[PDB]
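Spelled out, the chains give:
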Amino acid sequence: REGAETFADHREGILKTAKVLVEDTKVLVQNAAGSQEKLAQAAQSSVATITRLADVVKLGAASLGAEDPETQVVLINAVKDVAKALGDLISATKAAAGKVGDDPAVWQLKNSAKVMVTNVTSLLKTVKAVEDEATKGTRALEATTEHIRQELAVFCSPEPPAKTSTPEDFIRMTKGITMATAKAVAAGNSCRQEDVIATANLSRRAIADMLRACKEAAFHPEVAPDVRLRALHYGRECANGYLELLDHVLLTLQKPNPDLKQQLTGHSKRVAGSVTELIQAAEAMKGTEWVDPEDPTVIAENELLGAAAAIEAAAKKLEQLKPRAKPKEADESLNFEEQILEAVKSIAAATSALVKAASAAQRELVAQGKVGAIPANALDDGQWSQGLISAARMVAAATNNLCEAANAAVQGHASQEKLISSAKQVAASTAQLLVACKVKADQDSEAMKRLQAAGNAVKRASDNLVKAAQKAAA
């Protein structure tokens, strides 16, 4: 929360937007009939609705503040699911088009429209929960359980996903889920609304990636399809038990009696055994032995040095770009490119500050020897470190891509699509690199403090680039 702002404005704004969404889907229903013009009109109208929706929900989460990250996260996941299901309806319409109601495809389309209606209701309830600290818990739990129910629904659909996930990342998901349900039972003991919602968000991230990655990994071709049949089977039951634990979570919060508590505990360990079934299937399916190439430390400082050098070089090779008044290369002579270039240079400086703060945080981490004498810490921090290194190499790539964005803006780009794509992916890349940093980080350590300072610097860089780009070409 910054400045003297308050949330109620956002509350009502998203209220209006949710209404508008209701009529947007209602109209697009019949817009399935007609020619492309009417349907596209209502499509783009919905587009604008969800756009201002995203904006106002962003500012509402900002209104919520850092104090309770859980509320922002849960509502943003809600609006995320809303948007994705919107896209689901959009794609189906794009398919289920030019066919009158009798078509099974458009029949499914109507059903999906009703499903989106339910999703909108869910989002309404999410807003309700956003209003009151009094009872966020049960409603977050609901959102959670119907959420996972519809991922189940996706799972019952035999479909080809993008990739087939690695069994090792998948089994990391498995163990994360076991510790997750450990925390879940812990919170059930706690009977604390804030702990409830935090655990809920923990679920909607962890178990979601769990079950999906189960799907992709099983869907790997070369492995014996019986292996994946067993994997999908066991994942079905694990989802079932996850749901059952969730249900008993609801009951326990309503019914603090110990009977439901011990029931939930035992059910959780049943589910843990099922998770071990997934684990055994996963180790069965993986046909390879060695995973960790190099120790997390040495690679971490290779990352530190390389990223520091890369971003200082990026700042320098951006400084050698100057705001120039030539229209032959810079196809638009508007001073907005001047403003953008100055902002981009500031962004380079912010990214340099970011790599320095990350360097300091990493140095502190390796100074404590957080990589751990235990081999378990060796491997887990190895994968942490390698992911963070990928993150840093790709943010170096993003900063460079910013460098070529600036150089081409000097050369003239005039179709700001590539430039803004680059800027946005810089923002997201920085985000994920910070995330990799924040892994298992003692919150009140000064390393995290200056690291988050530099992260905020780059976030202001992201805001500045966003505002310039929307300003750019009006």
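Residues numbered from 1 in each chain as written, not as in the entry; some residues may be left out. Part of a larger assembly, values for the part shown. Heavy atoms only, no water.

Remarks on a positive patch on the surface
- Residues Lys16, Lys19, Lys125 and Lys128 make up a contiguous surface patch of positive charge.
- Every element with two or more residues in the positive patch is listed here: α1 (8–31) and α4 (104–131).
- Mapped onto the fold, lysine 128 is located in helix α4.
- By relative accessible area, which is 43% here, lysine 128 ends up partly exposed. (Patch = residues over 30% accessible without salt bridge, like charges linked within 9 Å, V, L, I, M, F, W, Y side chains within 5 Å. Areas by Shrake-Rupley, 256 points an atom, 1.4 Å probe, with all protein chains shown as cover. Salt bridge = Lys/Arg side-chain N within 4 Å of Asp/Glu carboxyl O. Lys, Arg positive; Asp, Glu negative; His and termini not counted. Charge placed at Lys NZ, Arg CZ, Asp CG, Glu CD. Helix = DSSP H or I, 4+ residues; strand = E, 2+ residues; numbered from the N terminus. Buried < 20%, exposed > 50% of the residue type's maximum accessible area, 1.4 Å probe, protein only.)

Details of helix α5 (residues 136–156)
- If you check α5, its first and last C-alpha atoms are 30 Å apart, about what 21 residues at 1.5 Å a residue would give, namely 30 Å.
- Here α5 has its buried residues at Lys136, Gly137, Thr138, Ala140, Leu141, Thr144, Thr145, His147, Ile148 and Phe155.
- Of the surrounding secondary structure, the elements contacted by the buried residues of α5 are α3 (69–95), α4, α7 (193–218) and α8 (225–254). (Expected span 1.5 Å × (residues − 1). Contact = heavy atoms within 4.5 Å.)

What about the environment of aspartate 88?
- Looking at the secondary structure, you find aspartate 88 in helix α3.
- Residue classification places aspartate 88 among the partly exposed residues on the basis of a relative accessible area of 37%.

Here's the deal with the environment of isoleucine 299
- Along the chain, the position of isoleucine 299 falls in helix α10 (residues 296–319).
- Separated by 90 residues in sequence, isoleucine 299 and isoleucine 389 place their C-alpha atoms 7.6 Å apart.
- Aside from chain neighbours lying at most four places away, what touches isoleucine 299 is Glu294, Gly382, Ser385, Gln386 and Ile389.

A word on empty space enclosed by the protein
- Tallied over the entire structure, the rule returns 10 cavities of 30 Å³ or more.
- Reported here for the largest cavity is a volume of approximately 260 Å³.
- Looking at the largest cavity, it is lined by 18 residues, and the ones nearest its centre are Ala300, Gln362, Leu365, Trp384 and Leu388.
- Here the lining of the largest cavity is built from residues that sort into 12 nonpolar, three polar and three charged.
- There is about 220 Å³ of room inside the second largest cavity.
- The wall of the second largest cavity is formed by 19 residues, among which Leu141, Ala184, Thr199, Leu246 and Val249 lie closest to the centre. (1 Å grid on protein atoms, 1.4 Å probe; cavity = no way out; pocket = protein on both sides within 12 Å on 5 of 7 lines; lining within 4 Å. Points joined across faces, edges and corners; volume = space filled by probe spheres on them. Nonpolar A, V, L, I, M, F, W, Y, C, P; charged D, E, K, R; others polar.)

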